[PDB]
């Protein structure tokens, strides 16, 4: 034994998409807002991330958070998302996990009906509710950033074989790129992964050329890191089924929070029975996220809605990672 470093994480799976919630092993991180500490992390500790998110600890499609000091009064605690490619500003399937764990472990004093909790992200402070059955969490609704559509139609170019064919782009907290099942020839199922993943990243990269758009408000993030594919379900109590590509080439095991929070737009201004209507969006693996909306905030330059998404996270063990200082791969290695 040597190790030199020792980080305590808690694993969750949020409808299939894993989350490593680091709890103990780094007590304070300087910055004022989560962005300030984020910058500090990305600049000073940075690639603790690599170690936990890459092999031989994690894998390509691994994802996780860091619980921290609030700094902002209000109450609760601070979170910082992360993945094989760096850090997410929001992850939704992270906000659920993080919340579900916190309460289940303690950290947040739990109620009998439903325990509200506000967590500090680098992006906006996030409102998770978590309904509990006397003792334990049943599922979390996380209220999402106002989401909208950037353009109607799209089409550009696809390497093989059709060449052309219409698509669609929107927001969701981060932008997105959505298409249909009928053009390439895919049936979103576990078996065919490679064509989707391999078609996904080239579509991501080649719409970073000049179509690339910045939304009104917040000028820093630009163009696409999230490619999306609908089809509609193979499971009865559902209505759509969809996969999402991102993160140095990784994929989401859940229907995609930020993704779904964006999709359930469109059908607000496209005539599909509007507010407080039931919608259950399911993943490629085949697991459910409930979506529904409330406020519908137009405001000039766009038309937008403030979407409420729900899901379930479960605890899949407790970790105490350590870093043999001779281990030459002690940090990450990418593949």
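Positions refer to the first chain, counted from 1.
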| query | finding |
| --- | --- |
| Which of 219-227 and 95-103 has higher mean CA B factor, as the PDB entry lists it | 219-227 |
| Per the entry, higher mean C-alpha B factor between 124-132 and 152-160 | 152-160 |
| Which of 55, 276, 46, 36 ranks first by CA B-factor in the deposited coordinates | 276 |
| Residue with maximal Cα B-factor (values as given in the PDB entry) among 115, 260, 141, 166 | 166 |
| Entry-reported Cα temperature factor of residue 289, expressed as the chain third it lands in | middle |
| Cα B factor band for residue 309 (lowest, middle or highest third within the chain) | middle |
| Third of the chain's Cα B-factor distribution that residue 300 belongs to, per the entry | highest |
| Third of the chain's Cα B-factor distribution that residue 253 belongs to, per the entry | lowest |
| Among modelled residues of the same chain, the CA temperature factor third for residue 65 | lowest |
